[PDB]
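Student: Before anything else, here's the structure in question.
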Amino acid sequence: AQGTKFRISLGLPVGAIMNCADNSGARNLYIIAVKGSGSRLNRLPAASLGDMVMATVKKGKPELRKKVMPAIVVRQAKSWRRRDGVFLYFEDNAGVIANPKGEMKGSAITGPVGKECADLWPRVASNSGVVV
Amino acid sequence: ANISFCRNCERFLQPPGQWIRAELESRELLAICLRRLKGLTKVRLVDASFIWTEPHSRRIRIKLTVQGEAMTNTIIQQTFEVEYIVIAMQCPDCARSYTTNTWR
Amino acid sequence: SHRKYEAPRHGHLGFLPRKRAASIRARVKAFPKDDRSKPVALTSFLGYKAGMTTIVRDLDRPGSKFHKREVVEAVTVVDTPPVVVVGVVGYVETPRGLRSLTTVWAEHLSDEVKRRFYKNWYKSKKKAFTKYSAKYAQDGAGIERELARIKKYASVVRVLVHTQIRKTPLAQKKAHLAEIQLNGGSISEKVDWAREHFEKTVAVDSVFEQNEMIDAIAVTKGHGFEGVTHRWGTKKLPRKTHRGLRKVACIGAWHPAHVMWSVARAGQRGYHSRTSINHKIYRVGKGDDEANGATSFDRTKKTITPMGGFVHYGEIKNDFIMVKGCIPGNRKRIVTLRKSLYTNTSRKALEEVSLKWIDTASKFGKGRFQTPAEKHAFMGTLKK
Amino acid sequence: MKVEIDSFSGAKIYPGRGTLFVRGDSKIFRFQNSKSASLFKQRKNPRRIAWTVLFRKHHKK
RNA sequence: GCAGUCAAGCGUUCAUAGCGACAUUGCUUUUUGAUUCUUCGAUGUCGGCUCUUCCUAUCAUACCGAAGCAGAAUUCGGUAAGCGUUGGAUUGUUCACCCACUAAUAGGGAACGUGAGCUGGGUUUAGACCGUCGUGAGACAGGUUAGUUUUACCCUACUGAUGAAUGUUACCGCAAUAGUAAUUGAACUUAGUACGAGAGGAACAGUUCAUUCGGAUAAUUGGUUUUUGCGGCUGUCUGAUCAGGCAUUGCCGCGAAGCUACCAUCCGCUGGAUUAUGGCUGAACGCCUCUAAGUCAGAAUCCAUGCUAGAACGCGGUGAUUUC
RNA sequence: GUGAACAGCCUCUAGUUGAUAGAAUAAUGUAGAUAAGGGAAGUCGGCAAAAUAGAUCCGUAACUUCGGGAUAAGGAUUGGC
């Protein structure tokens, strides 16, 4: 379900509590796995900017909690290399929640969204106010 | 899914350690839906029945309705049928009798 | 008992033994396949790696996401002085392999090649090639018999060349000698090529052209006796281990009661011979030009030597080859460049590149100016 | 090829050099090296650091 | 545990497409028993972590055969161990059991691999409480707590490192033999096309990237700081100022050179011969047949090209060879 | 002298300058360290380390044998002249 993305550095292992970017009621998301990750003995699977992860709500509305639902990383604090040359990194991690088809439940996203996340997912680029 | 039973006891295995026996009605149906891997998430139950197909073929078919929830206010009921391959092994309690250490 | 968690192997088994190489010049194991319909040229070359710098080019690759986009990329600059031929050597074929038959050296030899034949030059009477040079001094019948021996017999022909070390900022005065096989046609013609090129220079641009896939053969950077974790990439033990944690726990089972050849063990790391393939040539610059660093999109007069020179090497004021990505072997190392063994097609060989900009800032750390002509325009008038 | 100026002090940034920083209110900060990138995190004022171009523009050097 | 043969009941009407109980003939040592052969002048007796290699009774991957195979999705069988087989909650766990990813989360052996490799949770010393039993000391493999893990410098093995002797000495090569490495997945396109009553819904070639693994490498970005390089600060000491000592590297910011990381970039080749199966010609048997004589195509296989080492008792070509 | 102090750190009187030494700076140890992003996913178990800390001011819950809990929690401030 995921299109082609150039490799960027892995900055969110399993267990990372990242912020929640949209206004769907949640406050933070707890990454438990990454769609399309690999397999190695004692290696933790990790997420990057633009990956689809499975994530649970630890704080927010009581309707959303205690169930697993997929989500999309939109910001990242670990620096990655763009092909034009500059190394960039945001201030904090963030994630919006979505269905497994990729459509977003949220209405609008606060703060900026990474550019390589906007090209990879169409519905994220609709809700995005600021793209980098 | 898979159900283990004994060919010398004819007695079904509950997955932790137990050995609830077989009536194929009203008590065998109870153990067989805990193994159904469905979760209590969205069914809570609707109705369950099984199909006759064959006595000696090691497959038991069950059909069940769910009555789950899809949208914010939509309760909805659908149905489907599951086919359990039944795997034969030993009862350690009743493979013990072949060792002459029977009484204890 | 079985293994209880499958995991792929640490290390590669086709690169054993990790022992020190026999010499700093790594040998070319295999030369490309000859095609005798084509004219005579060389098949490999010698040079000295200097350093690395950054490049920017417009990527032209259809169906990609970065199409017609600037990409920064890492290149190496190998200092490549002109190489002069001193002799030819012809090989006949046996059932036991290829056997050397006759090597014919030229008349005059420089002082650089004579350094190779001696271990104590200053005490030596410098008597190498004195009785050989008297053969040319007469009518020359002793040598025309020898090249006619190679024309009749001798399936393949190599050519002994050597680098010019005086045109290079190394402190070494001794030249490096090597064989290079020719891949022209009709081996009576190969030896007539080398006959005319005795004590004649061979430039770089005649051998290699731009946008060509080549290989790189040299001796790896050495590191000395290293431990089993950094040598193979094996797992560190936990913190609570008595007497060591940077080790490998189980050497092997009971049976067989011998340490197997496949387990990981500490030893020599580095200074191996490696062949790396598929490195793409970006720029073949000449020596007598102040525009080595210039580009059609840059239009500034500078050489590719950075501000303050390359670290540990010096000044590139010669011909050079600028090839994409890292090369095995550190700086100052004698490096062989070989043509590709097979014709490549896929998409990446046939692509032609034109640069945007060459990075010439100081490599000696956190450099922020490209040329000292424009450092003075930024900071202005200083005290000194 | 564009040469961007340093956000902190004054320096020219050739392509493939230094870092970039996007603050949480969507403002882009460029840095030439880790010197001005580490002094930015200390909340230091670049009008009072002596080696910056922003200082020497102010006190008329 | 596992595989044959025989094929009851079934698969709406059809013994064998496919499930298959019961009878019958065998194999294996990954169970549980039986035995007492070796060891009681001691083979350190559970599990986990770490690491290599072997097996095939194949979960995935490659190429095929059969179906109650239209497509899609499956199910059954052949060659085949080249290559891959995970991240977590609870339990001392082996075993189990759920959660989530994935091409897939296959089964096993090597003194039930591996304690002078570790850890000591468990078990199996001495302390102590409980419960039932006992008149009493005490019993319980019932439950729960606290409890020292010793030596390698010797020899072989392996990993690296020198070396006498072949007239001396220097340089350039040949290649006997041993090793060998790459692996998988998505996306677009082919195409909403073939197929289909529809609902639904492909593949080969092509393009672009990614997973696992491997070799290197330091331009750039990040890490490290005894450059004690420059600057800052506290307490004391040299009368103050300068310039310094001491605080087992006094601390803090920055910090080049070096080493270094999927925390960084780069690179990872194409030919022959076959297995499983599909064919040609063609008898045995006036027909028919892939097979008997011959022969064509064909797998992640085998051998080469390529890659690493270079026999210290494998060898060749050249330079100079001690009047003085 | 600093400081709440016979704590720690430095100096005066007095004492000692003894503890086999030289040269290089591989592996693996011992002792002391720092680390990008994530933060117990490690493990029988947060073992080990890290963070917190001195002072003045504000503010302090349940429970209770009314004594306590209590430095509870939590939040500011500190040089120099």
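Each residue's number is its place along the chain shown, starting with 1.
Cβ coordinates are placed from backbone N, Cα and C, and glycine is handled just like the others.
So Swiss-Prot says this about it:
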{"type": "MOD_RES", "residues": "C:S23", "note": "phosphoserine"}
{"type": "CROSSLNK", "residues": "C:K38", "note": "ubiquitin cross-link"}
{"type": "MOD_RES", "residues": "C:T102", "note": "phosphothreonine"}
{"type": "CROSSLNK", "residues": "C:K135", "note": "ubiquitin cross-link"}
{"type": "MOD_RES", "residues": "C:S155", "note": "phosphoserine"}
{"type": "MOD_RES", "residues": "C:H242", "note": "pros-methylhistidine"}
{"type": "MOD_RES", "residues": "C:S296", "note": "phosphoserine"}
Student: Among the recorded positions listed here (C:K38, C:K135, C:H242), identify the one with the smallest other-Cβ count within 10 Å.
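Tutor: Looking at the recorded positions C:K38, C:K135, C:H242, the Cβ with the fewest others within 10 Å is that of C:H242.
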Student: Once the DSSP letters are reduced so that anything not helix or strand counts as coil, what is C:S296 (phosphoserine)?
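Tutor: The residue in question, C:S296 (phosphoserine), is coil (DSSP, three-state).
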Student: The residue listed as 'pros-methylhistidine': which of the recorded positions C:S23, C:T102, C:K135, C:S155, C:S296 is the nearest Cα neighbour?
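Tutor: Sorting the recorded positions by distance from the residue listed as 'pros-methylhistidine', the top entry is C:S23.
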Student: If you count other CB atoms within 10 A of each CB, which of C:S23, C:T102, C:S155, C:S296 wins among these modified residues?
Tutor: C:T102
Student: Cα of C:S23 (phosphoserine) to Cα of C:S155 (phosphoserine): how many Å, rounded?
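Tutor: About 28 Å separates the two Cα atoms.
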Student: In whole Å, note down how far the CA of the residue listed as 'phosphothreonine' lies from the CA of C:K135 (ubiquitin cross-link).
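Tutor: Here the two Cα atoms are 16 Å apart.
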Student: Among the recorded positions listed here (C:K38, C:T102, C:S155), which has the Cα closest to the Cα of C:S296 (phosphoserine)?
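Tutor: Closest by Cα: C:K38.
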Student: Hey, how far is C:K38 (ubiquitin cross-link) from C:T102 (phosphothreonine), Cα to Cα, in Å?
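Tutor: The separation of the Cα atoms works out to 25 Å.
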Student: Expressed to the nearest Å, what is the distance separating C:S155 (phosphoserine) and C:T102 (phosphothreonine) at their Cα atoms?
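Tutor: C:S155 (phosphoserine) to C:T102 (phosphothreonine), Cα-Cα distance: 12 Å.
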